[PDB]
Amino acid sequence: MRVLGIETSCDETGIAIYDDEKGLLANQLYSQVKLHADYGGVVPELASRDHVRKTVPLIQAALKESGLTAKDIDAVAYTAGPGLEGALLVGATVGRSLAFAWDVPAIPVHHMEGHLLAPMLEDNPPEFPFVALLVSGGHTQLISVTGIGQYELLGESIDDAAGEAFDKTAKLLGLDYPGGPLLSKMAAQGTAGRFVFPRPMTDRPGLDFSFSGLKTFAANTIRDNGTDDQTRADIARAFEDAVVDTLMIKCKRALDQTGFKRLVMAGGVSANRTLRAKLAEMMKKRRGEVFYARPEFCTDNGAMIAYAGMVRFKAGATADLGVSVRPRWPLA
């Protein structure tokens, strides 16, 4: 079967088509980064307006790219939450009325389940069970995954997510929003050890996260040191090394606690090259296995929604004619 997936949760419009025999037949994406860079954040009203401009044309391009026609699609999936209400409503209204017109099932998809399952788009995907590290712009969670739709919360951030912590520290370093990837490119030039930052919530047992104190630690170091290029890099690297060691430690504790040998990492921060190398290394020494998506599937995209819609459909989750979105919508 084939599912058309529609992603308009925040500031990206993604359309994809996934075929469970042949894989991903189309993937289309429009990022609104230019539009929101100016504001230092996403303006809900402007994000909503841009989705209206992109959604339909990206659907048309997707069907063109795949050489498919309406009768070739068996279901329409769309992100129903979490995210910005106004953005979510664009994808969900187009998606739900499109499915009505094609007279096929309409599948509401949880945005974070989308991220969690993105590593299933690569060769030799993970089998259940596994620990999953969802580390994105607004989420940072450890989850015990024992099967489809079977998610258990192991730990979560009590304050900022790791993605936002990268973004905030990046801005202090004077980088453009979102600077996560930029901070990471700067950190590569830095000399290991020049500064040493705390690993938050690692001196007591437990699986929860906190990143707010690490932000201030870096902000204070930036304030009380030279703003030359090499010093800025040394700070970016200490910060990234602090975050990456924290996530590594927490993942270790979660693997220890569940006894699982598989670690799945998802969300935008999982594009981080230091983090990928660190978690791959750890799983090698545990004689286990790490899984993550290609970099472009770690951040928002429609591919993950077409896949996760396919899975949700096979598990029986379809929508009636009413359309509803859920801006806040807990996964586990």
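Counting begins at 1, following the sequence as shown.
- Mean CA B-factor, 35 to 43 versus 274 to 282: the higher value falls on 35 to 43.
- Looking at mean Cα B-factors across 26 to 34 and 283 to 291, the upper value is held by 26 to 34.
- As recorded in the entry, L172 carries the highest CA temperature factor of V145, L172, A92, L116.
- In the deposited coordinates, the residue among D234, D256, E240, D74 with the greatest CA B-factor is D234.
- Among the modelled residues of the chain, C251 sits in the lowest third by CA temperature factor in this PDB entry.
- When the modelled residues of the chain are ordered by their C-alpha B factor, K54 lands in the middle third.
- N220: CA B factor in the highest third of modelled residues in this chain (values from the PDB entry).
- Among all modelled residues in this chain, the alpha-carbon of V323 has a temperature factor (C-alpha) in the highest third.
- Ranked against the other modelled residues of its chain, the C-alpha B-factor of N124 as given in the entry falls in the highest third.
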